[PDB]
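What follows is each chain in one-letter form.
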Amino acid sequence: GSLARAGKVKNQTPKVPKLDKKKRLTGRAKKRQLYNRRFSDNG
Amino acid sequence: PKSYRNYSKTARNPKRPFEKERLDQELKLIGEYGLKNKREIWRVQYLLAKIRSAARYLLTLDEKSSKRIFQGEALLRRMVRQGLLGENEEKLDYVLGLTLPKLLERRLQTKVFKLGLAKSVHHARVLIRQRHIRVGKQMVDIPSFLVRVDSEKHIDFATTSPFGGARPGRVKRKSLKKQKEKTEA
Amino acid sequence: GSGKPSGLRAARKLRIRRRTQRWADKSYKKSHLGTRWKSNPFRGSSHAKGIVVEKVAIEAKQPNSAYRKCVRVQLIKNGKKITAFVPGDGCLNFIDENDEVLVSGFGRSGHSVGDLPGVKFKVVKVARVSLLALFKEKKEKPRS
Amino acid sequence: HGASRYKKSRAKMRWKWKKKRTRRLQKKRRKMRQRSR
Amino acid sequence: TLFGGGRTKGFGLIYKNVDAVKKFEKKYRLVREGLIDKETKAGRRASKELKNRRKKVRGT
RNA sequence: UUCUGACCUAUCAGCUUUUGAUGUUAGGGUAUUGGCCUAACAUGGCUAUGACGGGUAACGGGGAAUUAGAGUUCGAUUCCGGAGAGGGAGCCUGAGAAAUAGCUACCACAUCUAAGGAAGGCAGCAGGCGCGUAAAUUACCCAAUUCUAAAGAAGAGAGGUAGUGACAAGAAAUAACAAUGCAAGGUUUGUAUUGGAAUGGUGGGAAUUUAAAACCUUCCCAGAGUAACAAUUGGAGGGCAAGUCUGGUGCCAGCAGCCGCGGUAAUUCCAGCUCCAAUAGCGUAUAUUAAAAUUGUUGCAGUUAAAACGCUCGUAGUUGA
């Protein structure tokens, strides 16, 4: 029945770890770098 | 009782957020002026808008009206004190002529970069932030400090800084000195 | 001409006509009639504490086919039974037999939401623990 | 519906018939009121 | 000192004689300069012992 | 005590008048005018401009929010004025109180009792219980601000100072720079490898500040390379800015203000990856303003979309060669 069926998919899926992540820029630095990546050669 | 000091919000939000062309124009302003937040643009814009609203109210009010001519002379005099209006601009229609870049140029980081004390707007911002600038013998930590007309050439390094000609004294510099001293001893 | 009275002394007509005709606005009626303070089980609160009576699986409105797992809750505050939604598929499974729920509104000011049929409330914290944290798993651990 | 009568677009059953059903129903209800009082 | 120092602003007072210092200066400021620490230190427990008395039953 | 000014309600239209309603006269009473109270005599008075009732999650104002201009919503909540001190009521004292850490009584509560009796009132400040969606310490001090006295020198949980505080509001980090490699431009500018310079926070000591302590500032010591001294929140079909990205589920599970996505190759679900928005803040609900010239004085609409009273006369109304 539907009471049994509930909660399937999240439990069902084969989860994968999120592994190695390098830290991002913040703030003015992040915005400036983004501005340069979008708009300099690529604008 | 409650504290009787006043307080006010720095800005007005620009609404309708995903106006791409407007958003990219703000990003160009961030890129140019060494700003950390859209809120920085919005506060300077809010100040400009307050000025623009005042200037509109004055110019809409009649010629030779006593409040208007007094407040108008006072406003223009203040624009002269700030240096926001310079030599060649001298009436309320030039206040309407004022623009958001002109206000942004008044920021201390822009002045520091312009004078060439630092190599970039960001380098200028950090130089100010590290308490290493001084304006007229006053040490200042605020990169958004809006200079007056006189004070623009009164900008030089903080006295007790390395760039002031005092001690660096840094953990690195001291560590090198200890290494040399231990080597010699 | 061909419209409302222009007359100087005609403010009385404009006020009475406006005053009477105002009532046909839906927002104005709900706000200015007593029904607000009466028919709403939340009685002007955003939030209410209740207890779960029953776990039910409601079938979706005609364009969709799907059973939405919901909870019939009795508010402690005013002693009123309501049906409330529970977001998160396994969180209903986690939730207990007579769980103590902090239930809220559903983003629509007492109007119906999506394909849910008259279910106007949603549970956002259970046994003082956060629903989002229960859904996450990186965020705060389940209750004892 | 609104206060205004009929207005058959696509609509449903006849307005006059709906009206007949309600007039007959109101009488039936009036008989229930009579039973009561 | 104020921000960035190199300056210190304060306030000074110079009295005519020692009698003037006694006469027209505040006790904490006299202590801060140099004088004995404050008498009768107890907060509202003083009040509590005080309010109990009925018409010379005892002084204490 | 004069004048002027109210939210909603007619499925509230006649109210008030033997029990003073409205007037007159005479007295009494009052601190004084006064139906304030008594007697005698009149029969009035108020009412669509909505009286009289009923509702209000209704203390009033200065004001607050949003305001292009109108407006609309809101105003326990730092000031001014009112009201109240468990419920009602009554006094005393005194110039001033119908006081309330004055008194008396009743009802609603309730404490100690030696069982006769006796005493109690946080909507003062803490703190606790209950209510709840929801809100802090039984801290220290009278140094300032002021108040009261036999008024300097004393008192004051008035008041100040801390503590708890992501209610809001402001400022403001999370790098900067030179080398190389790459990129574009043919010997220039821009940006992913490296490695030397600059620095707060953080830890300690002072000068100082203070009722005292703490914070501020200032100085002296210390003191980052994964600068682990670790940026989050929500998105990427459309509305609406960024992926027909990689796997899983398979009209199920589920998500998603709305449209929708899901029946095996999912651009919406569950993960992972990249990208995007705002940023020490961002989600969520509820209420509210804009949005709404969608309540319309400005400024709406009524042939066919919602809406011209069946028709005419007509008093109030509004308009007036």
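Residues numbered from 1 in each chain as written, not as in the entry; some residues may be left out. Chains lettered and ligands numbered in written order. Part of a larger assembly, values for the part shown. Heavy atoms only, no water. Residues with missing side-chain atoms left out of burial classes, pairs and counts.

In the nomenclature of the PDB entry, chain B corresponds to 40S ribosomal protein uS4 from the organism Plasmodium falciparum 3D7. Per the PDB header, the title for this entry is "Cryo-electron microscopy reconstruction of the Plasmodium falciparum 80S ribosome bound to P-tRNA". Under the Sequence similarities (unreviewed entry) heading, UniProt states for chain B: "Belongs to the universal ribosomal protein uS4 family." (UniProt positions renumbered as here; feature names shortened; annotations may be inferred.)

In the nomenclature of the PDB entry, chain A corresponds to 40S ribosomal protein eS30 from the organism Plasmodium falciparum 3D7. Its UniProt record gives chain A a comment under Subunit (literature references left out), which states: "Component of the small ribosomal subunit. Mature ribosomes consist of a small (40S) and a large (60S) subunit. The 40S subunit contains about 32 different proteins and 1 molecule of RNA (18S). The 60S subunit contains about 42 different proteins and 3 molecules of RNA (28S, 5.8S and 5S)."

1. Let's talk about the overall build of chain A
Within chain A, the regular secondary structure consists of 3 helices and 0 strands. Secondary structure elements of chain A, listed N to C terminal, follow the sequence α-α-α. Going through the 43 residues of chain A one by one, you find that 12% of them count as buried. (Helix = DSSP H or I, 4+ residues; strand = E, 2+ residues; numbered from the N terminus. Buried < 20%, exposed > 50% of the residue type's maximum accessible area, 1.4 Å probe, protein only.)

2. Notes on the pairing of strand 3 (residues 81-85) of chain C
Look at any regular strand and the pattern is simple: side chains alternate between the two faces of the sheet. Residues and elements named next belong to chain C. When strand 2 (residues 67-75) meets strand 3, the two strands line up antiparallel, connected through 5 bridges. When the sheet's bridge partners are listed, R72 is paired in strand 3 with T83. Two successive antiparallel strands, strand 2 and strand 3, enclose a turn made up of 5 residues, where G79 displays a positive phi of approximately 70 degrees. Pairing of strand 3 with strand 5 (residues 121-126) involves 2 bridges; the strand directions are parallel. Bridging across to strand 5, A84 finds its partner in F121. (Pairing = 2+ DSSP bridges.)

3. Re the pairing of strand 1 (residues 47-59) of chain C
All names here are of chain C. Summarising the sheet, strand 1 and strand 4 (residues 100-105) pair through 5 bridges and their orientation is antiparallel. For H47, the partnering residue across the bridge sits in strand 4 and is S104. Two elements, strand 1 and strand 2, share 9 bridges in a ladder whose sense is antiparallel. Pairing of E54 across the sheet is with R72, part of strand 2.

4. Observations regarding the pattern of salt bridges
All names here are of chain B. Scanning the entire structure with this criterion turns up 19 salt bridges over all chains. Across the pair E40 and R125 runs a salt bridge, and its minimum N-O distance is 2.6 Å. Of the two residues, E40 is situated in helix 2 (residues 38-60) and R125 in helix 7 (residues 121-129); the sequence distance between them amounts to 85 residues. Accessibility assignment for this pair places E40 and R125 in one class, buried. Salt-bridge contacts for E105 lead to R106; the nearest nitrogen and oxygen are separated by 2.7 Å. Given a relative accessible area of 18%, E105 falls into the buried group. Each of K102, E105, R106, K111 and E152 takes part in salt bridges that share partners, so that together they form one network. (Salt bridge = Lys/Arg side-chain N within 4 Å of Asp/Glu carboxyl O.)

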